Each structure stands twice: as structure tokens, then as C-alpha cells.
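For neighbour counting, all protein chains shown are included, and Cβ atoms are generated from backbone atoms with ideal geometry for every residue, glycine included. Just so it is clear, none of the values below were taken in a lab; they were calculated from the coordinates.
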Amino acid sequence: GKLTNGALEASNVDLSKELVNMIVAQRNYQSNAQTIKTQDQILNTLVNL
Amino acid sequence: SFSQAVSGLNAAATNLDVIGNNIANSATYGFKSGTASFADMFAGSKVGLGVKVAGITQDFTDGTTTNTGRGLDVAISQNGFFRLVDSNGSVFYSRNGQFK
Amino acid sequence: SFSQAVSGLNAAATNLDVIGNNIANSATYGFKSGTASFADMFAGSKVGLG
Amino acid sequence: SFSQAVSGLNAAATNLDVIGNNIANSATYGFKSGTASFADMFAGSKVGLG
Amino acid sequence: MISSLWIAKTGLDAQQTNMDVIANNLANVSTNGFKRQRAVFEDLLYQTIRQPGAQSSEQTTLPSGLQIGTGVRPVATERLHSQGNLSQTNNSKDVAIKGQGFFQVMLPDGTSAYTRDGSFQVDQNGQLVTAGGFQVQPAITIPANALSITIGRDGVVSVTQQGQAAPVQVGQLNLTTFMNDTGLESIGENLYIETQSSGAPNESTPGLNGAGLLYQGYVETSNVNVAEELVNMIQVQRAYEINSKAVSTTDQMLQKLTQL
Amino acid sequence: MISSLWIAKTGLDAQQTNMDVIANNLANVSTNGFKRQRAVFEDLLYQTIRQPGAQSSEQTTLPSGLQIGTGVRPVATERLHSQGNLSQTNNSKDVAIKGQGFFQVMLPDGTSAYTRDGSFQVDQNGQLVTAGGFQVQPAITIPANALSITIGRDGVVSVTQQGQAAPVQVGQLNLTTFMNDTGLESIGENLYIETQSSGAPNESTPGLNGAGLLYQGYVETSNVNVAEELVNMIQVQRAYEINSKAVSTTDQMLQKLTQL
Amino acid sequence: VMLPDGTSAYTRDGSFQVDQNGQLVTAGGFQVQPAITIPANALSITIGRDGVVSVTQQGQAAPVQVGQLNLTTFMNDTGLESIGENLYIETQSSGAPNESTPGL
Amino acid sequence: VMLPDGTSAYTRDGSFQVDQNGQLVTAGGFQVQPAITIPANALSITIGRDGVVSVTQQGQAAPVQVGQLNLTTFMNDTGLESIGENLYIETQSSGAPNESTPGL
């Protein structure tokens, strides 16, 4: 590419894109973490008998 | 069933961690945002082994140039890099344009 | 995994300090403006550390 | 089902940025105004995917 | 040592398999080009104490026989090759396939596999490869000093060189369709290979013979419905608890019988 | 007194060691420069009632023998010398090491220990000592009336006095590495000493022969992640409960045997 | 794995450490048969999908192979005598082991 | 089931292993009479509902037929003389066996 004197680049990061993806990621973690809790109680019921 | 869930739990954490990294490095000059990608894994058939991280890729779309004044700076309009050398003889490639 | 946010918050607050100092010290004859500079870090895996 | 909301936000953001680009490039001699055009998507069954 | 105990054990195993497939589906909800799994069972054999419709006398027949089940058996955990939502990424080296078909990939050992997730990179040699080092079967090679890479609606792919005032075609991405898409056995890293269940694959250009269309800049997400995975998990948990209750009841009655 | 009871006792002991390791890892989640530890087991011997692959007849061989396990033994508890994260402490006398290597230190008796800590202070006599009273082996001293101490990316450390308009070099912070960092045995107050498992220490300036680099004003946090520790606690608790239930079943079986 | 007496055992337990000489030994002090010697001053160690094991060093801007990890299969893996510390020794019921590179 | 001395015996307990030569044998070294041989380095074995059995190779996508697993019936099962090793031997009370394919 062609150089340009007296200039600098931005971060090419869009806060609107990143913030919404953080909402989606958090729910995926909780939904996965729900499975661990469910599996623990499945084993918990079996042990107590 | 912990094996499937724990692997998925780690994958979600890694995805969240990368988002935090992309959101903290904002306003950095020579920075390209990165995203992670996953891929399932089955031992044979009908059996699931969870999910693993399939590498982290960086989007090299050029950012918007800024007229920060000064004389000892330069931004590359298109694809390209600056070649930098360390005192030990290593070679490092950078996109930032802060020179002193 | 608070290392990402706590590093970002310190950098962001420091930028406010630099901007605040520049605007506060306006109309000072022998004053030269300042500006911060950032740089990402990578210790181990490809995931950043702030 | 965050796909539709995410797609809607990105489409809305793109429209705003293009509008910002057109007003920012005012008082420029050799410039032609820009405008973004959208199009819906359908791949499932009678439900808009964004 | 009891038929009831064995039946309850089979039921517990079936519910465990159902829970495992639900957990696996929930795990990789963010995996691109992922088709969820559904497990289907069936009833096991029956012991016939009295034959149904038995000739009970010279002129009368039993309206219904006496049959006792032997439990349940999981038939298979099939994969639902549904259609996933197309996201937006605005990249240049990833294509999403809308419709039916797969991309052909040359595995290192020499055989060929088929994939549904389109996110291509370039190796150091300049040929188009997927995430994992596998190179595409038609061996599309991207030349150096490439200004941009464009992929049309059909399989034709062109690259804009430094000059020449015209893009130049570099190859074509034919995609292969199957007859029994749900019969392809799955290996890791979003790959499929053919078996006797699926017919002989037929390769074709996109948009013909029922094939899909290639959109550049998008990506195919997983078709996992987390909104209903949770309620399925609730039902699975309740069934598992009730089967455990049945096992406990059998143990109690055996104990209070042997206490004589 | 019985084989099942002894096997269950060994299993309980293994799970107790695992729980202790988890608790110790979680306790010092905020200690600077801490490297977590992981416990590794391996099963004990097997009593062979019938030799596997034995010659049962003139030509027939047993496809599989009869073997009974004796339990599980915890083979080791190894440190995981990963790379800890770094933070901004903003102290002139705080250093963090990126990569691999250790800071040498001299014990009061005379031997040498190795550490990963960075909170460097000054003794009453002006010698650079760590938190605890130990002083670095190369014997770096800080003169009085010192304005600022600057430690470069490599091992050179300089100080500035009131005048002279130029820094003066004081010493070099050479750091030592080992062939097998995992074999170092830990001792109290965040120190490591050389053993036979690890090789003879090799000393070098930072940035050469694979050694790390020094960053002034930072501090390295422990390499412990709280997310997976809780799920490990859940799993180890369930395993411990299962082993206890096995002990209970063995005791009940024996009691019903001896009730005669 | 080569036992100290001279014979060879087999294992599936993946937990590799390095002795003071840099050899890649299993957890317990037994070295792998091909004797993969990890050199010192190693910035990083990587193991590919196949048996190739490479090390990224301080310079030379290129990973260098230091060995390979082949694995041996048996005709019938059930009939393997099981000594302690996660080791198996071949018997008559299991045919002579055949070594191979991974993935083939 | 083929006894070592040459005679044939019949059993119902289905729990098979694989010998070092690939012959499908039961727990005890006795090999199945139709001589179902499994070739080496077989990915997996699939036995149909009928008497067909086939293993799968790597990079073939076509299971290979290895044999037919027939089972024999009797006029009167009660008349079989039970011996050790969980096996039955025909007698005069039960008629001669008539081997037939499964499902027919």
C-alpha cells in the first residue's frame, strides 16, 4: 500500500458489535453451566436412593 | 456427563475472554480485532466428546486513519507491514506507526 | 478472568487523567500538550491479556 | 434466537454510519452522496431470518 | 436378578443416553455449521406367557394375550441436517452454503471427506485450505499479490490482480450432494464421510440439481434450539428420577421378602 | 479386612488427596507468582487368578485371563509452571519475568534458592532483598540518596542520584533456568530449591538462550482459574460420596453374611 | 515404554515429563522407546496431529524436529497382561505389536 | 461351538472375544464353527440382525463381508445334556441339529 505521512490507524473495533456478542456469550455459559447442575442432581438422587 | 459440559464451559469462557480482549484494546493504534472459532469432535459415531477451540483468527481490515499531526508517524493505506529488528537479531512485524 | 477488564479500566481512566490535565492546564504559556499511547499484550495462548 | 436482533442492529448501524459519512463529507468538491440499500433473508420456513 | 430390575436398568441407561445427547447439543451451541442430534429409541422384546388370540376352546378365542415387556432399546442418535441461520461477517475468505450440499476436502491420509462449515484460510503455499490444514479437493490456489478475492453465486471464483483492468477466474467450487444426508458418519472438526447408509455422492455446480447457493461474507451457525433444550433437560431429569424410584422400590420389596 | 474394603479405603484416600490439592490451589488464588499444582494417580497391582493368554489345551488359549485390581495409588502432585498473568502495580522496585527463568536468592545458612516473586525491597543497609529478608545472590546494592531505580528489559539495572546528569550502572540481574522446572521441590515462603530431578541450573542474561524478559513496575499473579476449580470440587465430592457408599455396601454385605 | 530391566511395556496414559537429561519420559521415570530427547533452551514444544514432535528455539526462525511418536497396535488388545502403573505387557493371546504413525 | 477334541457343542450365552489370529472365539478359547475371521486393523465390527457380520476398514467406505453366523435349532431343547464350560451336547432324546440362517 501507499504510505501517508503524519497519520495513525484506529483499532478497527466496533463497540456495538462487541457489546451484543458479550450478551450472547454470557447466556451460552449459563446454559452450559445449567447442565452441570442438572447432572449433579441426577447423580445426587441416585446416591441417596 | 461432566466431560461434555466442562469442555463446553471452557469454550464459552474462551469466547468471552477474547471479547474482553477486543473490548479492552480499543483506541490502540496498530491493533486488529480477533475472534475465536470452535469445532466439534466425535470419537467414532453416536458418541460426543464435547468441543475444542479451533484457533483464534484476526480480522485484518484496515482501520480509519487519523490526522494526529506530528511528523514522525505513518499509516499504511493497504495491506502491508513494517519490519522491525531486536538487538538479539529477531525479526518482528508491526502495524503501529509511533516512531521516536 | 478479571485481568482483561482491570487492565482496560486502568488504561481508560489514565486516558481521562491525561485529557483532564490537558484541558485544565489550558491558557498556560509554557505548556505542551500530552497524549497517552497503548499497546496490547500476549503472554501465552493467542487470547489477549489486556 | 438472537440472529434476527443481531442482524437488525448491524443493519441499523450500517445505515447510521453511511449517513454520517455523507454529512461529514460536506463541502467537499468531488463527492457523490452515498446510500445503503437492504434486503431481507429467508432460508427456513415462512419466518424471517433477518 | 429380577425382570423389574433389568427393565429399570435399561430405562436408566436410555435416559442417561438422552441426557448425554442433550448436553452435547447444548455444549457446542456456538460451533459454526453444526447440526444437532436427536436420539430415538424403541421397545425391546416381549415375553408371551399366553399367545394373543389363542384358540381357548373349539369356538372361542382370547381377545388379548399376556405379554410382558423387556425394557427399551436406543435405536440411534441421528443428526438433523436442518438449515442454520446465516450470520454476517463481511470477510473475504468465508462462504456460507444455503440449501443442500457439502464442500469436498482431501484428508491427509488420502481419502476424501465432506464439510458444511465454510471458513477458508490460505496455506503458505497459496492454496485454499480450511481451518485444520486440510486443502480443498479441487485444489483452488490463490495467487500472490492478490488485491481481492470474489466468489460468485455459482461456483466460479475470481481474483482481482494488481492491474490488467479485469478480474481473472482462478477455479470453481463444485459441491457434492448425497441421498441420505442423515446417514453420513461424523468425525471430528466438522467433517463427514460416506457409508452404506448414504448413496454415492454426486458433485455439481451450485444452483443446479437441487444444490444450494454460495454467499460470500456469511457463515452458517449451529441449529441448536437452546430455548427448548432446557425443557427437554427438565423432562429427562424427571424421567431419570422416576426410574431411580422404581429401582429403589424393587430393592425395598426384595429386602422385605428376604427378611423372612 | 476384605479386598473390597481395602480397595474402597485406597479410593477414599486418593479422593481426599485430590480434595486437599483443590483446597490448597483455591486458598492462595491471589498470591503473586504462585504456580498451581495438579495431582496424578495410577492404579496399583493386579492379582492374576488365571493367567491371561494361558494355554488351556493343546491348541486353545484363553482370550482373556482373570485379574482383580488392588486399588489406586497417587503417584505424584506436580506443579504446573505455566505463564501467569501480569498486572500494573506501578512500583519502581517491582519486576515481573515473562517467559521462563528464576531469580536466585541466598538462604541464611548459605545455599541458594530460586523464586518467581518480584516484590523486591531494600534492607536497612541498602542491599536489594526480597520480602522475607533474603537477599539476591549477585549482591546488588542500592546506594543512599537515590532518586530513581530503572531496570531495563535485559538484566541491566541503573540508579540516578541527585546530580551527575547521567545514570550509573549498579549490577546485572542474571536469571537461572533448569532443564525440568517441574522437578523443583517447593519450600515455604514462596521459594524453590534445586534437586536431582531438575538439571543443574544454568545462569544467563534475560532474553538469551530461551530466558525471559524483565518488566519493571509489574507483578505476576497466580496461575489459578477459579472457574474450573468449583466443577472439580463438585466432581471430587461426588466421587468421594460414591466410594463411601461402596464402603457401606461392603459393610452391610459382611454383616448379613455374619448374621448367621 | 522401555522398562529398566530391558523389556518393553505399553500405555495409554498421556503425561510426559523431562528428566535432567532432557529425555521425554513418562510420569514415573520410564523413557519412551524412540528416545525423544528434548533439547535445552527450548522456547516452546509442539506436537502435531501426526507423530512429529518439534521445538521452537531462541533463534533460527524455524521449529526443528527432534523425533517422532509412533504408536503400536495389537490384533487383540483385550488379552494384555496388566501390571501396575498403567502398563501392559504383550502375551500369547495378543499378537506381536505392529508400530505405525498416527492417523494411518 | 467347536470343542478342541473335534466334537461340536452348542451354547446360548453370547459373549465372544477375538483370538490372536482373528478367529471369533468365546471366553475359554473355543472358536465358533462357521469360522468368523476378523481381519486385522479393523475399525469396528457390525453384526446385522440376520447372520451377516462385517468389519469396516479405514478409507474404504465399504464394509467387507467376513462370514455368516448361523445358529442351529433343535426338536427338543430340554434333551440337551449340559456340561461344564456352559455348553450343551446333543443326545438321542433331541433330534439331530438342522442348522439354519437366523430369521428363517
Report task. Select, from B:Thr14, B:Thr57, the only residue that is more than 7 Å from every other protein chain (Cβ to nearest Cβ), buried (at least 16 other Cβ atoms within 10 Å of the Cβ) and either among the small types (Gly, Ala, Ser) or touching a strand residue (DSSP E or B) at 6+ places or on another chain (Cβ under 8 Å) (or both). Result -> B:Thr57
Report task. State all residues of the stretch F:111-129 that are under 16 Å from the mean Cα position of the chain (by Cα) and farther than 30 Å from G:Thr26 by Cβ; if no residue qualifies, say none. Result -> F:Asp117
Requested in this report: Determine whether B:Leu16 is part of a helix (DSSP H, G or I) and either touching a helix residue (DSSP H, G or I) at 6+ places or on another chain (Cβ under 6 Å) or in contact (Cβ under 8 Å) with a residue 40 or more places away in the chain (or both).
Outcome: yes
Query - Count - residues of the stretch B:61-92 that are in a loop (DSSP other than H, G, I, E, B), facing chain A (nearest Cβ under 7 Å) and not charged (D, E, K, R) - result: 12
**Report entry** Single condition E:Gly126 does not satisfy, out of (1) touching a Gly at 6+ places or on another chain (Cβ under 7 Å); (2) loosely packed, with under 14 Cβ neighbours inside 10 Å; (3) not basic (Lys, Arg)
**Finding:** (1)
Query raised in the report: Has the stretch G:60-72 got at least one residue that is hydrophobic (A, V, I, L, M, F, W, C) and under 30 Å from H:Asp19 (Cα atoms)?
Result: yes
Requested in this report: Scan the stretch F:223-244 for residues that are surrounded by fewer than 18 Cβ atoms within 10 Å (Cβ to Cβ) and either among the acidic types (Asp, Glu) or not in a helix (DSSP H, G or I) (or both) and jot them down.
Outcome: F:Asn225, F:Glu228, F:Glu229, F:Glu241
Report summary line: Scanning the stretch H:71-85 residue by residue, the ones that are in a loop (DSSP other than H, G, I, E, B) and either exposed (fewer than 11 other Cβ atoms within 10 Å of the Cβ) or among the β-branched types (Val, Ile, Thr) (or both) total 2
Report task. Kindly indicate the residue of the stretch E:214-241 that is aliphatic (A, V, I, L, M) and more than 10 Å from every other protein chain (Cβ to nearest Cβ) and also nearest to E:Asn28 (Cα to Cα) among those meeting that condition. Result -> E:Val231
Query raised in the report: C:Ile19 fails exactly one of the following numbered conditions: (1) facing another protein chain (nearest Cβ under 9 Å); (2) not in a loop (DSSP other than H, G, I, E, B). What is the number of that condition?
Result: (1)
Query raised in the report: Looking at A:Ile23, is it part of a helix (DSSP H, G or I), out of contact with any helix residue (DSSP H, G or I) (no Cβ under 9 Å at 6 or more places or on another chain) and of a type outside the set (D, E, K, R)?
Result: yes
Report task. State which residue is nearest to the chain's Cα centre (by Cα) when the search covers only chain A and only residues that are more than 7 Å from chain B (Cβ to nearest Cβ) and among the hydroxyl-bearing types (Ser, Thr, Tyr). Result -> A:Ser31
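State whether one or more residues within the stretch F:17-28 are within 13 Å of another protein chain (Cβ to nearest Cβ), in contact (Cβ under 8 Å) with a residue 60 or more places away in the chain and under 27 Å from G:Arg12 (Cβ atoms). Before you say what the answer is, go through the steps one by one.
Here is the first cut: in the stretch F:17-28, the residues within 13 Å of another protein chain (Cβ to nearest Cβ) are none.
No, the stretch F:17-28 contains no residue that is within 13 Å of another protein chain (Cβ to nearest Cβ), in contact (Cβ under 8 Å) with a residue 60 or more places away in the chain and under 27 Å from G:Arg12 (Cβ atoms).
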Query raised in the report: Does F:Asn209 count as in contact (Cβ under 8 Å) with a residue 40 or more places away in the chain and not in a strand (DSSP E or B)?
Result: no
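Looking at the stretch H:54-70, which of the residues that are of a type in the set (A, V, I, L, M, F, W, C) and surrounded by 14 or more Cβ atoms within 10 Å (Cβ to Cβ) is farthest from H:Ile38 (Cα to Cα)? Spell out how you get there, then give the answer.
Going residue by residue through the stretch H:54-70, those that are of a type in the set (A, V, I, L, M, F, W, C) are H:55, H:61-62, H:64, H:66, H:69.
Checking the rest, the ones that are also surrounded by 14 or more Cβ atoms within 10 Å (Cβ to Cβ) come to H:55, H:61, H:66, H:69.
Details: H:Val55: 7, H:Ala61: 17, H:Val66: 7, H:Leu69: 13 Å.
If we take residues in the stretch H:54-70 being of a type in the set (A, V, I, L, M, F, W, C) and surrounded by 14 or more Cβ atoms within 10 Å (Cβ to Cβ), then H:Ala61 is farthest from H:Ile38 (Cα to Cα).
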Report summary line: H:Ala62: passes all of (1) within 18 Å of the chain's Cα centre (by Cα); (2) free of Cβ contacts under 8 Å to residues at least 12 places away in the same chain but (1)
Query - Residue under evaluation F:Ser198, criteria (1) more than 14 Å from chain G (Cβ to nearest Cβ); (2) free of Cβ contacts under 8 Å to residues at least 24 places away in the same chain; (3) in contact with a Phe, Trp or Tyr (Cβ under 8 Å, 6 or more places away or on another chain), criterion not met - result: (1)
**Report entry** Output for the stretch D:22-38, where each listed residue is assigned to a helix (DSSP H, G or I) and without any contact (Cβ under 8 Å) to a residue 12 or more places away in the chain
**Finding:** D:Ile23, D:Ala24
Query raised in the report: Quick one: what pairs do we get from the stretch F:42-60, first residue within 8 Å of chain G (Cβ to nearest Cβ) and free of Cβ contacts under 8 Å to residues at least 40 places away in the same chain, second basic (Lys, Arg) and not in a loop (DSSP other than H, G, I, E, B), C-beta under 6 Å, 6+ apart or different chains?
Result: F:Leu44/F:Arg73
Query raised in the report: Does H:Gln68 fit the bill of being within 15 Å of the chain's Cα centre (by Cα), within 28 Å of F:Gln55 (Cβ to Cβ) and either within 14 Å of chain F (Cβ to nearest Cβ) or not β-branched (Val, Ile, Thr) (or both)?
Result: no
Report summary line: Of all strands (runs of 3 or more DSSP E) fully inside the stretch E:140-203, the set with 3 or more residues that are of a type outside the set (A, V, I, L, M, F, W, C) is E:168-172
